[PDB]
*Asks:* 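Following this message is one structure expressed as structure tokens.
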Amino acid sequence: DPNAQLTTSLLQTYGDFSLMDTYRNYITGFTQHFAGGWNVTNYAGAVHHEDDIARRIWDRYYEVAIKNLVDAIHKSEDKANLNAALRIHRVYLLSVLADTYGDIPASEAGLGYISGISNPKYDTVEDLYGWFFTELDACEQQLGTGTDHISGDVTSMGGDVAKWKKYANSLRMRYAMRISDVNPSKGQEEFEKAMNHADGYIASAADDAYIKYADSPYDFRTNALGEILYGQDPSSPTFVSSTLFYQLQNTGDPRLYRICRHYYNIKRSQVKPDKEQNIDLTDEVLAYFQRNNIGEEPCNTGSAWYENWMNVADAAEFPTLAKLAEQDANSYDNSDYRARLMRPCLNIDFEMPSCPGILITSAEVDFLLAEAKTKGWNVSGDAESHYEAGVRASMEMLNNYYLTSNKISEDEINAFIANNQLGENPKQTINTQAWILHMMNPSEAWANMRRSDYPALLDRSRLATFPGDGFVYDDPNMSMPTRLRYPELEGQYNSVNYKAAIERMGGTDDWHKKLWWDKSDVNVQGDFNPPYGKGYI
Ligand SMILES: [Mg+2]
């Protein structure tokens with residue numbers, strides 16, 4: 001039943017816990033949104049490849065979503081609306097697969113490959129992006145030529161063909177920007193084609209495209225990215241990196257302590273994050289810093305929370321934990337949980353099972369329009385207006401989709417924008433602000449970081465490594481990987497096509513090899529001397 005297969009494929013995007021290891025261990029580490037958990041320190045922090053972690057995106061999307069999409073596409077030629085929606089989500093997941101690994105099966109990933117009886121070649125990144133524009137144009141026009149109801153839709157589009165059209169056009173704008181370095185003229189042409197389309201694009205948050213997940217306890221119904229970020233036990237929360245912390249603090253970003261909180265979480269629930277026992281001591285922690293003329297030490301990329309050891313405050317320092325330590329010291333005076341309380345952690349609001357699965361937002365389109373303007377493309381309105389719109393929408397998406405309290409006021413948004421105008425390097429400003437936007441969309445975060453080379457990351461090569469703590473540094477090139485390696489079993493079961501793709505790369509499956517649309521290395525910060533804690537060597 002094709003509509004059901006649309007549902008499974010949509011939900012798998014963020015709903016499949018079995019590929020979230022790749023996002024917590026590698027991608028969100030590579031983007032330097034998160035740092036300090038043992039896993040991201042072991043993998044992304046050590047620049048340490050391991051097949052079983054790197055393969056999961058490939059293996060799980062091909063085994064489930066792509067299989068179901070292709071079968072449903074072939075079973076839906078009489079249901080043009082559903083057919084177009086199936087095909088748009090295939091383009092979507094193929095763009096993620098290609099942006100992650102490089103050349104990938106696509107044009108030959110068909111019914112035979114589904115049945116496990118045929119071996120698909122790896123389409124080149126350049127050929128795939130060419131096909132993205134063509135296929136999205138075709139689907140966009142096909143939408144609404146059927147009378148069938150897209151009942152398997154679980155996105156915010158809610159089966160509305162007009163909303164799927166704007167989604168397809170917005171993805172065209174995303175891909176057109178992606179190729180704007182390697183093929184400037186095609187990027188310009190494809191962008192303005194979509195931007196000027198009669199059916200429009202995602203112009204306000206009312207038209208945001210996202211998958212809707214269920215508010216049920218921790219089969220793709222719940223957002224598994226939040227699940228793995230919440231950790232599978234209270235000793236493994238997701239710690240916010242110093243890169244993100246310092247981007248927020250140093251720009252006066254009201255998002256600083258919406259994204260960052262301090263938790264003592266020993267009795268927290270494991271079926272659904274609870275305010276009761278994810279004890280939010282943020283204000284009391286900050287009051288403690290201020291009393292002692294000290295401050296935050298957000299974990300550096302490459303380091304774990306127990307490295308670059310920060311002094312641990314006694315329970316007495318925090319009145320809420322103090323009175324609970326005095327009631328029950330085994331629970332609330334545990335020194336390990338006090339230690340992790342010291343570091344900024346991701347708000348559990350971002351870790352709820354019902355968190356959305358972002359596909360593309362009006363805030364991103366705003367930033368695309370801003371950069372399109374700074375490139376001279378024929379866009380209406382100045383770069384600053386689009387830029388400001390995108391900052392305001394990124395702000396507002398947290399109010400609308402995530403925050404359960406402490407919403408960001410219109411005063412704060414207006415204040416922040418005034419202090420962070422475009423400046424002398426708009427491309428850097430635009431893409432740094434998009435990178436915050438993309439926190440919970442790690443694949444777009446990593447792709448757009450790679451293409452735009454902003455934000456300037458912390459130079460991993462000048463941050464500490466901790467081999468004495470069991471981590472393995474088996475790669476001399478410690479700069480951020482620009483892709484993931486192919487699943488190693490492809491070398492056996494798709495051996496000839498695997499060899500070919502590797503040969504096109506230069507003869508080895510090299511995760512320091514830049515993809516076709518990635519023309520330069522991501523920028524890095526020249527200096528990192530934080531007021532508290534450790535910086536560059
Ligand atoms: Mg690059």
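One is the number of the first residue; the rest follow in order along the sequence. Every number for a ligand or one of its atoms is a count from 1 in the order of the listing.
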*Asks:* Tell me, do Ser394 and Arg255 make a side-chain contact under 4.5 Å, heavy atoms counted?
*Replies:*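 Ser394 reaches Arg255 side chain to side chain.
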*Asks:* Mark yes or no for whether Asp103, through its side chain, and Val125, through its backbone, hold a donor-acceptor pair below 3.5 Å.
*Replies:*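 Indeed, once roles are kept as given, a pair shorter than 3.5 Å links the two residues.
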*Asks:* Could you tell me the separation between the CZ atom of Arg87 and the CG atom of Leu94, rounded to the nearest 0.5 Å?
*Replies:*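 It comes to 12.5 Å.
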*Asks:* Report yes or no: does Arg450 have an N/O/S atom closer than 2.8 Å to the Mg ion (ligand 1)?
*Replies:*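 Here the distance criterion (N, O or S atom, under 2.8 Å) is met by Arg450, so yes.
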*Asks:* Short check: any N/O/S atom of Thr482 below 2.8 Å from the Mg ion (ligand 1)?
*Replies:*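 So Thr482 does not bind the Mg ion (ligand 1) by this criterion.
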*Asks:* Give the atom name of whichever N/O/S atom in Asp518 sits closest to the Mg ion (ligand 1).
*Replies:*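 So the atom name we want here is OD1.
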*Asks:* Please list, one pair per line, the donor and acceptor atoms closer than 3.5 Å that link side chains of residues 460-472 to other protein atoms, with sequence neighbours excluded.
*Replies:*
| from | atom 1 | to | atom 2 | distance (Å) |
| --- | --- | --- | --- | --- |
| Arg460 | NE | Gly45 | O | 2.8 |
| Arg460 | NH1 | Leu463 | O | 3.1 |
| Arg460 | NH1 | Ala464 | O | 3.3 |
| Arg460 | NH2 | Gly45 | O | 2.8 |
| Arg460 | NH2 | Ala464 | O | 3.4 |
| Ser461 | OG | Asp459 | OD1 | 2.8 |
| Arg462 | NH1 | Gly526 | O | 2.7 |

*Asks:* Is there an N/O/S atom in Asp453 that lies less than 2.8 Å from the Mg ion (ligand 1)?
*Replies:*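 So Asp453 counts as coordinating the Mg ion (ligand 1), yes.
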